[PDB]
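Down below is the structure, laid out as structure tokens.
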Amino acid sequence: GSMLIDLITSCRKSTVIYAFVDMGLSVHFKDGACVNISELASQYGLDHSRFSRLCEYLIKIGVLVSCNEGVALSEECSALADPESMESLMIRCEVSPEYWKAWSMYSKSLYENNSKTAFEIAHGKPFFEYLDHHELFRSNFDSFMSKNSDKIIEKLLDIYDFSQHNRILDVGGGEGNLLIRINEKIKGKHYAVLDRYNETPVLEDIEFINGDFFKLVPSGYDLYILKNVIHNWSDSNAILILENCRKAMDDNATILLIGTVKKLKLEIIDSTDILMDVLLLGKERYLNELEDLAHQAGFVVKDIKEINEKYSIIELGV
Amino acid sequence: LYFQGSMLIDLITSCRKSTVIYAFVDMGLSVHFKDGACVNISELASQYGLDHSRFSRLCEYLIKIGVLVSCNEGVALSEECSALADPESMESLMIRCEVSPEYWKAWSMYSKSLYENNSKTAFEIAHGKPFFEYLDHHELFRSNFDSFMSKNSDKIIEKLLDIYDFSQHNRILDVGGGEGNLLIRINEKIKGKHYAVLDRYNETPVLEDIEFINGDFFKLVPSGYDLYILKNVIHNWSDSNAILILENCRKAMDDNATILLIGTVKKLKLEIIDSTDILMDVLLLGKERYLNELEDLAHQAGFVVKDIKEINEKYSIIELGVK
Ligand SMILES: Nc1ncnc2c1ncn2[C@@H]1O[C@H](CSCC[C@H](N)C(=O)O)[C@@H](O)[C@H]1O
Ligand SMILES: Nc1ncnc2c1ncn2[C@@H]1O[C@H](CSCC[C@H](N)C(=O)O)[C@@H](O)[C@H]1O
Ligand code: NA
Ligand code: NA
């Protein structure tokens, strides 16, 4: 059962990558620089032989590659060299006590018809409520989300004309990095961000609204953006968000759904689908499923545009 | 389109494969997947009161990682993952340990354990006690761990009996034998011997054919046995702690007596042995060893290496004598 034992012990890959990132030595691996294990251990005060053993495993799983009298990050794993990279922040969330405690309650959550989220069962609060009481975890999560916007922003500005819109609300925009990046290219607009803040953010070019899209969505916007929001929610909660958007919107107003649309048979989509179930009782959805939500909320699909293998844009109207 | 960082993101999210396998095992449904049976997702969901769509979405991911395969009526276990059908399999019990809060929190502190100035295991930094002391105060975690180890013996017993004549011996001590399942399985084939097990017990087990001894192999090993078995013990320990166990064995043994070292050897450059090397570091500041490194421990402890025989790609038996 060599394949089954490889699958069972898959978590050991995530935990050694976490350990590498957490040691704060990634700065020295930048631009594929060849780092000497001995020089690194002496500098940091690390156990040489034990750190060497870690490096050998990181080579075997393809994070590190052997270089002349040392080790370097593989080209595919170069992002780990930057501690503020999406991938560096992602691993901190992935093997967090928040995540693995939530995962432990997944099996229990699947048996219960009107289950609380596996996360709520584990922690006594739903995911976004929990973020209010955990500054460090929220900071890491919000920054991780901001770096996700950085990865698709170039492709986004190409395939959709944002200049046609004058009043733009980022619904669940968090730090508001989407509108920060859009603002860099598109100036002289009204940019607003709706989210839940302990302390409401302040920027010169972006307005921030401390609210709750289950209570109401602000009216007076001709574009409503929902990036990586819908997949956080059950069908009932998703419809309630779209319904609140509908009550806010006049007949000419646009909704942009930005995020994963299930179609390409990718493992990262399937695995993220199960994580959304664990954390939020959310899901990744097929177009027809998103279409069904849209219709029920009183919208129609006007257009679909592919960003990449993971992400598409869905333009809603009415 | 892009696939920017897809390989790194796959490695980062690798733990999701462990946690869905845990969830599948923990649901206790694998019995319906026995003998490569084709399972209808809607029927199983109905029978157990599962949310049909949530359970179908789990099954889809399990197909993608290779645990399940499509059949005409729904899903079957892949031949490769058929062991998950048995809820008492080594693999079923392994995943319970692998994604235990004990392991997760130990892994969190691995980065802090590697600092030269420190001498504590990542496990002790996490839990405030070392691994084996922690077992004493946590019955559920100990039960899963001891059960996991017993099933490891079930996997190798057939091959082990084929490559070593246990019938030649009269008195056999299983040093760190836990539940004593290695001796239970030997006793089924080879009868009339004196079988004893040494380990740390809150309640000393009782069996008709097997004697259980509550002890500490760092203090002393019971004398008067002609075979001492150290199965999956050496890799738990530093060189000095390993030599101390072997020294206590030599002091206990007469000139005629045999030690059998049974365990994992670094031979074929296997990812699983490399990953277990790191796990042994995280839990116990232990390590996996090359054959020459094991020979060196034996020699330093004052033993002759008399025979080496392969069980499989991971496991070997090393026979030690005093002469
Ligand atoms: N009730 C609520 N009202 C407003 N925002 C909410 C909310 N519940 C969750 N959110 C926000 O929804 C966001 C989901 S994560 C996506 C963040 C951002 N749109 C991006 O794509 O990067 C988080 O910022 C979270 O704080
Ligand atoms: N000081 C000590 N004295 C005796 N046994 C000990 C010990 N420290 C650890 N052990 C035991 O060493 C074993 C390691 S796991 C190996 C279990 C068994 N021999 C098998 O192969 O399946 C555990 O059962 C643990 O309880
Ligand atoms: Na769900
Ligand atoms: Na099961």
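Each chain in the structure tokens gets a letter, A, B and so on, in the order shown; residues start at 1 in every chain, and ligands are counted from 1 in the order they appear.
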inquiry  = Distance cut-off 7 Å, counting only C-alpha atoms - which residues of chain A neighbour chain B? Return them as an MDAnalysis selection string.
reply    = chainID A and resid 1 3:4 6:15 17 19 22:23 45:47 50:51 54 57 60 76:77 87 91 94 103 106:107 110:111 113 267:268 270:271 274 308:309
Distance table requested - chain B against ligand 2, cut-off 10 Å, only C-alpha atoms and all ligand atoms: one row per qualifying residue with the closest atom pair and its distance in Å to one decimal, ordered by chain and rising residue number, as JSON lines.
{"residue": "B:131", "atom": "CA", "partner": "ligand 2", "partner_atom_place_in_ligand_line": "9 (C)", "distance": 8.8}
{"residue": "B:132", "atom": "CA", "partner": "ligand 2", "partner_atom_place_in_ligand_line": "9 (C)", "distance": 5.8}
{"residue": "B:133", "atom": "CA", "partner": "ligand 2", "partner_atom_place_in_ligand_line": "8 (N)", "distance": 8.5}
{"residue": "B:135", "atom": "CA", "partner": "ligand 2", "partner_atom_place_in_ligand_line": "26 (O)", "distance": 8.0}
{"residue": "B:136", "atom": "CA", "partner": "ligand 2", "partner_atom_place_in_ligand_line": "26 (O)", "distance": 9.2}
{"residue": "B:142", "atom": "CA", "partner": "ligand 2", "partner_atom_place_in_ligand_line": "26 (O)", "distance": 8.8}
{"residue": "B:145", "atom": "CA", "partner": "ligand 2", "partner_atom_place_in_ligand_line": "15 (S)", "distance": 8.2}
{"residue": "B:146", "atom": "CA", "partner": "ligand 2", "partner_atom_place_in_ligand_line": "24 (O)", "distance": 6.4}
{"residue": "B:147", "atom": "CA", "partner": "ligand 2", "partner_atom_place_in_ligand_line": "22 (O)", "distance": 8.5}
{"residue": "B:148", "atom": "CA", "partner": "ligand 2", "partner_atom_place_in_ligand_line": "22 (O)", "distance": 7.7}
{"residue": "B:149", "atom": "CA", "partner": "ligand 2", "partner_atom_place_in_ligand_line": "22 (O)", "distance": 3.8}
{"residue": "B:150", "atom": "CA", "partner": "ligand 2", "partner_atom_place_in_ligand_line": "22 (O)", "distance": 4.9}
{"residue": "B:151", "atom": "CA", "partner": "ligand 2", "partner_atom_place_in_ligand_line": "22 (O)", "distance": 7.3}
{"residue": "B:152", "atom": "CA", "partner": "ligand 2", "partner_atom_place_in_ligand_line": "22 (O)", "distance": 5.8}
{"residue": "B:153", "atom": "CA", "partner": "ligand 2", "partner_atom_place_in_ligand_line": "22 (O)", "distance": 5.5}
{"residue": "B:154", "atom": "CA", "partner": "ligand 2", "partner_atom_place_in_ligand_line": "22 (O)", "distance": 8.9}
{"residue": "B:174", "atom": "CA", "partner": "ligand 2", "partner_atom_place_in_ligand_line": "19 (N)", "distance": 7.0}
{"residue": "B:175", "atom": "CA", "partner": "ligand 2", "partner_atom_place_in_ligand_line": "5 (N)", "distance": 6.5}
{"residue": "B:176", "atom": "CA", "partner": "ligand 2", "partner_atom_place_in_ligand_line": "5 (N)", "distance": 3.9}
{"residue": "B:177", "atom": "CA", "partner": "ligand 2", "partner_atom_place_in_ligand_line": "19 (N)", "distance": 3.8}
{"residue": "B:178", "atom": "CA", "partner": "ligand 2", "partner_atom_place_in_ligand_line": "24 (O)", "distance": 3.7}
{"residue": "B:179", "atom": "CA", "partner": "ligand 2", "partner_atom_place_in_ligand_line": "24 (O)", "distance": 7.3}
{"residue": "B:180", "atom": "CA", "partner": "ligand 2", "partner_atom_place_in_ligand_line": "18 (C)", "distance": 7.3}
{"residue": "B:181", "atom": "CA", "partner": "ligand 2", "partner_atom_place_in_ligand_line": "22 (O)", "distance": 7.2}
{"residue": "B:182", "atom": "CA", "partner": "ligand 2", "partner_atom_place_in_ligand_line": "22 (O)", "distance": 6.8}
{"residue": "B:183", "atom": "CA", "partner": "ligand 2", "partner_atom_place_in_ligand_line": "19 (N)", "distance": 9.9}
{"residue": "B:197", "atom": "CA", "partner": "ligand 2", "partner_atom_place_in_ligand_line": "19 (N)", "distance": 9.2}
{"residue": "B:198", "atom": "CA", "partner": "ligand 2", "partner_atom_place_in_ligand_line": "4 (C)", "distance": 6.0}
{"residue": "B:199", "atom": "CA", "partner": "ligand 2", "partner_atom_place_in_ligand_line": "5 (N)", "distance": 3.8}
{"residue": "B:200", "atom": "CA", "partner": "ligand 2", "partner_atom_place_in_ligand_line": "4 (C)", "distance": 5.3}
{"residue": "B:201", "atom": "CA", "partner": "ligand 2", "partner_atom_place_in_ligand_line": "26 (O)", "distance": 7.8}
{"residue": "B:213", "atom": "CA", "partner": "ligand 2", "partner_atom_place_in_ligand_line": "4 (C)", "distance": 9.4}
{"residue": "B:214", "atom": "CA", "partner": "ligand 2", "partner_atom_place_in_ligand_line": "4 (C)", "distance": 7.9}
{"residue": "B:215", "atom": "CA", "partner": "ligand 2", "partner_atom_place_in_ligand_line": "3 (N)", "distance": 5.8}
{"residue": "B:216", "atom": "CA", "partner": "ligand 2", "partner_atom_place_in_ligand_line": "3 (N)", "distance": 3.5}
{"residue": "B:217", "atom": "CA", "partner": "ligand 2", "partner_atom_place_in_ligand_line": "3 (N)", "distance": 4.2}
{"residue": "B:218", "atom": "CA", "partner": "ligand 2", "partner_atom_place_in_ligand_line": "1 (N)", "distance": 5.5}
{"residue": "B:219", "atom": "CA", "partner": "ligand 2", "partner_atom_place_in_ligand_line": "1 (N)", "distance": 7.8}
{"residue": "B:220", "atom": "CA", "partner": "ligand 2", "partner_atom_place_in_ligand_line": "3 (N)", "distance": 8.8}
{"residue": "B:221", "atom": "CA", "partner": "ligand 2", "partner_atom_place_in_ligand_line": "3 (N)", "distance": 8.7}
{"residue": "B:229", "atom": "CA", "partner": "ligand 2", "partner_atom_place_in_ligand_line": "19 (N)", "distance": 8.0}
{"residue": "B:230", "atom": "CA", "partner": "ligand 2", "partner_atom_place_in_ligand_line": "19 (N)", "distance": 6.3}
{"residue": "B:231", "atom": "CA", "partner": "ligand 2", "partner_atom_place_in_ligand_line": "21 (O)", "distance": 4.2}
{"residue": "B:232", "atom": "CA", "partner": "ligand 2", "partner_atom_place_in_ligand_line": "21 (O)", "distance": 4.5}
{"residue": "B:233", "atom": "CA", "partner": "ligand 2", "partner_atom_place_in_ligand_line": "14 (C)", "distance": 4.9}
{"residue": "B:234", "atom": "CA", "partner": "ligand 2", "partner_atom_place_in_ligand_line": "14 (C)", "distance": 8.5}
{"residue": "B:235", "atom": "CA", "partner": "ligand 2", "partner_atom_place_in_ligand_line": "14 (C)", "distance": 8.9}
{"residue": "B:236", "atom": "CA", "partner": "ligand 2", "partner_atom_place_in_ligand_line": "14 (C)", "distance": 7.0}
{"residue": "B:237", "atom": "CA", "partner": "ligand 2", "partner_atom_place_in_ligand_line": "8 (N)", "distance": 9.2}
{"residue": "B:241", "atom": "CA", "partner": "ligand 2", "partner_atom_place_in_ligand_line": "1 (N)", "distance": 9.9}
{"residue": "B:245", "atom": "CA", "partner": "ligand 2", "partner_atom_place_in_ligand_line": "1 (N)", "distance": 8.6}
{"residue": "B:262", "atom": "CA", "partner": "ligand 2", "partner_atom_place_in_ligand_line": "21 (O)", "distance": 7.8}
{"residue": "B:263", "atom": "CA", "partner": "ligand 2", "partner_atom_place_in_ligand_line": "21 (O)", "distance": 7.7}
message = What residues of the protein or nucleic acid chains come within 9 Å of ligand 3 when you use only C-alpha atoms and all ligand atoms? Reply as an MDAnalysis selection string.
response = (chainID A and resid 117 232:235 273:274 276:278 280:284) or (chainID B and resid 53:54 57)
key: Expected answer as a PyMOL selection string: residues within 6 Å of ligand 1, only C-alpha atoms and all ligand atoms   = chain A and resi 128+145-146+148-149+172-174+194-196+211-214+227-229
Could you take the residues named above and write them with N, CA, C and O atoms, as a PDB file, in the first residue's frame?
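Final output, saved to part_6.pdb:
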ATOM      1  N   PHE A 128     -16.019  33.969  10.070  1.00  0.00           N
ATOM      2  CA  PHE A 128     -15.857  35.441   9.948  1.00  0.00           C
ATOM      3  C   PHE A 128     -16.052  36.109  11.315  1.00  0.00           C
ATOM      4  O   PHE A 128     -15.363  37.113  11.576  1.00  0.00           O
ATOM      5  N   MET A 145      -5.762  37.132   0.964  1.00  0.00           N
ATOM      6  CA  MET A 145      -6.843  37.520   0.020  1.00  0.00           C
ATOM      7  C   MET A 145      -6.346  38.664  -0.880  1.00  0.00           C
ATOM      8  O   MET A 145      -6.562  38.584  -2.100  1.00  0.00           O
ATOM      9  N   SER A 146      -5.658  39.661  -0.318  1.00  0.00           N
ATOM     10  CA  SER A 146      -5.114  40.832  -1.059  1.00  0.00           C
ATOM     11  C   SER A 146      -4.126  40.376  -2.143  1.00  0.00           C
ATOM     12  O   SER A 146      -4.207  40.907  -3.275  1.00  0.00           O
ATOM     13  N   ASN A 148      -4.128  37.494  -3.601  1.00  0.00           N
ATOM     14  CA  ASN A 148      -4.942  36.770  -4.614  1.00  0.00           C
ATOM     15  C   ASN A 148      -5.414  37.757  -5.690  1.00  0.00           C
ATOM     16  O   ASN A 148      -5.420  37.380  -6.886  1.00  0.00           O
ATOM     17  N   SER A 149      -5.810  38.967  -5.283  1.00  0.00           N
ATOM     18  CA  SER A 149      -6.250  40.056  -6.194  1.00  0.00           C
ATOM     19  C   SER A 149      -5.066  40.508  -7.054  1.00  0.00           C
ATOM     20  O   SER A 149      -5.278  40.784  -8.246  1.00  0.00           O
ATOM     21  N   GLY A 172     -17.697  42.788   0.147  1.00  0.00           N
ATOM     22  CA  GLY A 172     -16.802  41.836   0.830  1.00  0.00           C
ATOM     23  C   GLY A 172     -15.371  41.960   0.333  1.00  0.00           C
ATOM     24  O   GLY A 172     -14.708  40.926   0.200  1.00  0.00           O
ATOM     25  N   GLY A 173     -14.901  43.188   0.101  1.00  0.00           N
ATOM     26  CA  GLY A 173     -13.584  43.480  -0.504  1.00  0.00           C
ATOM     27  C   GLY A 173     -12.427  43.416   0.481  1.00  0.00           C
ATOM     28  O   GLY A 173     -11.270  43.548   0.024  1.00  0.00           O
ATOM     29  N   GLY A 174     -12.700  43.249   1.780  1.00  0.00           N
ATOM     30  CA  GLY A 174     -11.658  43.143   2.820  1.00  0.00           C
ATOM     31  C   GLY A 174     -10.780  44.382   2.864  1.00  0.00           C
ATOM     32  O   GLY A 174     -11.321  45.483   3.068  1.00  0.00           O
ATOM     33  N   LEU A 194     -17.140  47.422   0.990  1.00  0.00           N
ATOM     34  CA  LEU A 194     -18.067  46.967   2.064  1.00  0.00           C
ATOM     35  C   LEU A 194     -17.502  45.693   2.700  1.00  0.00           C
ATOM     36  O   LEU A 194     -17.305  44.703   1.965  1.00  0.00           O
ATOM     37  N   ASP A 195     -17.260  45.722   4.014  1.00  0.00           N
ATOM     38  CA  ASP A 195     -16.796  44.541   4.790  1.00  0.00           C
ATOM     39  C   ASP A 195     -16.998  44.810   6.285  1.00  0.00           C
ATOM     40  O   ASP A 195     -17.501  45.895   6.643  1.00  0.00           O
ATOM     41  N   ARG A 196     -16.632  43.837   7.117  1.00  0.00           N
ATOM     42  CA  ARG A 196     -16.726  43.906   8.597  1.00  0.00           C
ATOM     43  C   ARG A 196     -15.336  44.251   9.140  1.00  0.00           C
ATOM     44  O   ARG A 196     -14.396  43.480   8.874  1.00  0.00           O
ATOM     45  N   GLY A 211     -20.032  47.427   7.415  1.00  0.00           N
ATOM     46  CA  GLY A 211     -21.432  46.973   7.329  1.00  0.00           C
ATOM     47  C   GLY A 211     -21.557  45.464   7.414  1.00  0.00           C
ATOM     48  O   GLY A 211     -20.672  44.815   8.001  1.00  0.00           O
ATOM     49  N   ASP A 212     -22.630  44.931   6.836  1.00  0.00           N
ATOM     50  CA  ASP A 212     -22.985  43.490   6.871  1.00  0.00           C
ATOM     51  C   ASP A 212     -23.921  43.228   5.688  1.00  0.00           C
ATOM     52  O   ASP A 212     -25.064  43.693   5.751  1.00  0.00           O
ATOM     53  N   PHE A 213     -23.454  42.531   4.644  1.00  0.00           N
ATOM     54  CA  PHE A 213     -24.214  42.356   3.374  1.00  0.00           C
ATOM     55  C   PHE A 213     -25.432  41.440   3.576  1.00  0.00           C
ATOM     56  O   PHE A 213     -26.219  41.279   2.612  1.00  0.00           O
ATOM     57  N   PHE A 214     -25.617  40.880   4.777  1.00  0.00           N
ATOM     58  CA  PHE A 214     -26.844  40.128   5.162  1.00  0.00           C
ATOM     59  C   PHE A 214     -27.926  41.102   5.649  1.00  0.00           C
ATOM     60  O   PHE A 214     -29.116  40.771   5.504  1.00  0.00           O
ATOM     61  N   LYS A 227     -16.045  39.400  -5.429  1.00  0.00           N
ATOM     62  CA  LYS A 227     -14.852  38.552  -5.696  1.00  0.00           C
ATOM     63  C   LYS A 227     -14.638  37.582  -4.527  1.00  0.00           C
ATOM     64  O   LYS A 227     -14.450  38.054  -3.382  1.00  0.00           O
ATOM     65  N   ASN A 228     -14.652  36.278  -4.816  1.00  0.00           N
ATOM     66  CA  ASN A 228     -14.355  35.192  -3.840  1.00  0.00           C
ATOM     67  C   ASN A 228     -15.272  35.347  -2.618  1.00  0.00           C
ATOM     68  O   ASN A 228     -14.780  35.194  -1.486  1.00  0.00           O
ATOM     69  N   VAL A 229     -16.556  35.647  -2.844  1.00  0.00           N
ATOM     70  CA  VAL A 229     -17.584  35.807  -1.769  1.00  0.00           C
ATOM     71  C   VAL A 229     -18.563  34.627  -1.833  1.00  0.00           C
ATOM     72  O   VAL A 229     -18.712  33.929  -0.816  1.00  0.00           O
TER      73      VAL A 229
END
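Listed by chain and then by rising number, the residues of region 173-265 of chain A that DSSP assigns to alpha helix (DSSP H) from the backbone are residues 177, 178, 179, 180, 181, 182, 183, 184, 185, 235, 236, 237, 238, 239, 240, 241, 242, 243, 244, 245, 246, 247 and 248 of chain A.
Across the model, the gap from CA of residue 248 (chain B) to CA of residue 210 (chain B) is 22.2 Å.
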task = Have a look at B:120, B:32, B:299, B:323 and name the one nearest to ligand 4; count only C-alpha atoms and all ligand atoms.
result = B:32
ask   = Can you list, as JSON, numbers by chain, every residue of region 170-202 of chain A that DSSP puts in strand (DSSP E or B)?
value = {"A": [170, 171, 190, 191, 192, 193, 194, 195]}
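With only C-alpha atoms and all ligand atoms as the atoms that count, the residue of B:73, B:208, B:86, B:296 with the shortest distance to ligand 4 is B:86.
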key: Exercise: region 285-301 of chain A partners within 6 Å, only C-alpha atoms, chain neighbours under 3 positions left out, as a VMD selection string   = chain A and resid 239 242 to 243 261 to 262 315 to 318
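Pairwise distance (CA of residue 236 (chain A), CA of residue 121 (chain A)) equals 20.1 Å.
When only C-alpha atoms are used to measure the gap to residue 223 (chain A), the shortest distance among A:169, A:279, A:21, A:102 belongs to A:169.
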task = Work out how far apart CA of residue 257 (chain A) and CA of residue 219 (chain A) are and give it in Å to one decimal.
result = 17.7 Å
